[PDB]
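Proteins come first, then strands; the chains are lettered A, B, ... in the order of their sequence lines, and each starts at number 1.
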Amino acid sequence: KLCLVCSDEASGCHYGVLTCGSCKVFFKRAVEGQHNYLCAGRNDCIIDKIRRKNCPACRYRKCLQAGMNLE
Amino acid sequence: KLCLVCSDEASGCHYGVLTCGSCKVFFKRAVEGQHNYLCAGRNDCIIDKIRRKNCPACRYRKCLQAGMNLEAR
DNA sequence: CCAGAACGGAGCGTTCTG
DNA sequence: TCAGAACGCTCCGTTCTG
Ligand SMILES: [Zn+2]
Ligand SMILES: [Zn+2]
Ligand SMILES: [Zn+2]
Ligand SMILES: [Zn+2]
């Protein structure tokens with residue numbers, strides 16, 4: 001039902017994890033040509049439908065912790 | 001010399017406060033439109049040149065705390 | 001010197017396709 | 001089934017104008 005990264009409504013299983021479409025292509029973009037991501041808080045940001053744009057570092061970390069892989 | 005919002009190099013006294021150009025146009029954009037920004041941390045994000053884009057909520061709060069206002073004469 | 005507009009780049013999220 | 005391309009919107013920061 002819900003994206004395992006940002007809790008938005010999931011569209012399917014993308015890169016081995018149940019995610020939404022926005023998290024799908026975010027993860028693809030993050031893995032290619034790393035993007036100089038730095039958290040402004042404590043490496044523990046809240047990632048939800050709105051707040052996910054705030055911290056790509058924490059978003060990317062959550063993607064990996066959920067087990068996203070390009071295969 | 002240093003922007004009181006993000007500590008980047010200041011470009012002048014803008015909206016009443018010593019700030020850089022980016023914080024100048026950010027504050028103007030924030031006050032004249034919606035500023036319903038949400039912090040994903042604990043409302044104490046580090047705002048500097050590298051991270052000021054991460055949290056508009058905390059950047060706007062630092063603008064207000066430093067005293068920025070549109071009608072600074 | 002400063003306010004405001006404008007321009008171009010980056011990041012993001014959707015739609016579309018096979 | 002889902003991976004990928006591509007378009008357009010938003011946000012940003014520098015340069016330009018008044
Ligand atoms: Zn998601
Ligand atoms: Zn974070
Ligand atoms: Zn600044
Ligand atoms: Zn914040």
Check which hydrophobic residues are tied to B/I50 through side-chain heavy-atom contacts below 4.5 Å, counting indirect links as well, and list them.
A/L38
Under 4.0 Å from OP1 or OP2 of D/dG4: is there any side-chain N or O of A/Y15 that close?
yes
Should the pair B/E32-B/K28 be classified as a salt bridge under the 4.0 Å nitrogen-to-oxygen rule?
no
Under 3.5 Å donor-acceptor pair, A/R29 side-chain atoms to C/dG13 base atoms
yes
Does A/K53 place a side-chain N or O at less than 4.0 Å from the phosphate oxygens OP1/OP2 of C/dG13?
yes
Would you say A/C20 and A/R52 make side-chain contact, with heavy atoms under 4.5 Å?
yes
Whole-Å distance between D/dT10 P and B/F26 CZ?
17 Å
Under 4.0 angstrom, heavy atoms only, what part of the nucleic acid is A/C20 near: base, sugar-phosphate, or nothing?
nothing
Watson-Crick or G-U stems involving DNA chain C, each at least 3 pairs long, distances under 3.5 Å, ordered by first number:
C:2-18 with D:2-18
Nearest to the side chain of A/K49, which nucleotide is it out of D/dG13, C/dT14, D/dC12?
C/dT14
Is the distance between the ring centroids of A/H35 and A/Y37 less than 6.0 Å?
yes
If you check the A/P56 side chain, which of C/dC12, C/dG13, C/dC2 turns out closest?
C/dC12
Could you give the CZ-to-P distance, from A/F27 to D/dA3, as a whole number of Å?
10 Å
Whole-Å gap separating P (D/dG13) and CG (B/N54):
11 Å
Look at the side chain of B/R59 and decide which nucleotide, out of D/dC12, C/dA5, C/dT14, has an atom nearest to it.
D/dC12
Taking atom CD1 as the centre, does A/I46 end up with more than 12 heavy-atom neighbours from other residues, nucleotides or ligands that are less than 6.0 angstrom away?
no
To the nearest angstrom, the CD1-P distance between A/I50 and C/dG11 comes to 22 Å
Value in whole Å for how far the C1' atom of D/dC12 lies from OH of B/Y60:
18 Å
Heavy atoms of other groups near B/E9 CD, more than 12 under 6.0 Å:
no
In whole angstrom, give the distance that lies between atom CD of A/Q34 and atom P of C/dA10.
16 Å
Using only side-chain N and O atoms of A/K28, determine if any of them is under 4.0 Å from OP1 or OP2 of D/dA3.
no
Base, sugar-phosphate, or nothing for A/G21, non-hydrogen atoms under 4.0 angstrom?
base
Any B/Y37 side-chain N or O less than 4.0 Å from OP1/OP2 of D/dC11
no
Quick one: do B/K62 and B/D44 satisfy salt bridge (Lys or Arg N to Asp or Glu O under 4.0 Å)? Show the steps, please.
CA-CA 10 Å; B/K62 289 192 74 183; B/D44 67 346; over 6 Å; no
Could you check which of D/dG13, C/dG11, C/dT14 has an atom nearest any side-chain atom of A/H35?
C/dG11
Here the distance between atom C1' of D/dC2 and atom CG of A/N69, to the nearest Å, is 15 Å
Nearest to the B/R52 side chain among D/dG4, C/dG4, D/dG13, which nucleotide is it?
D/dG13
Using a 4.5 Å cut-off on heavy atoms from C-beta on, say whether the side chain of B/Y15 contacts that of B/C63.
no
How close or far is atom P of D/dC11 from atom CG of B/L38, stated in whole angstroms?
12 Å
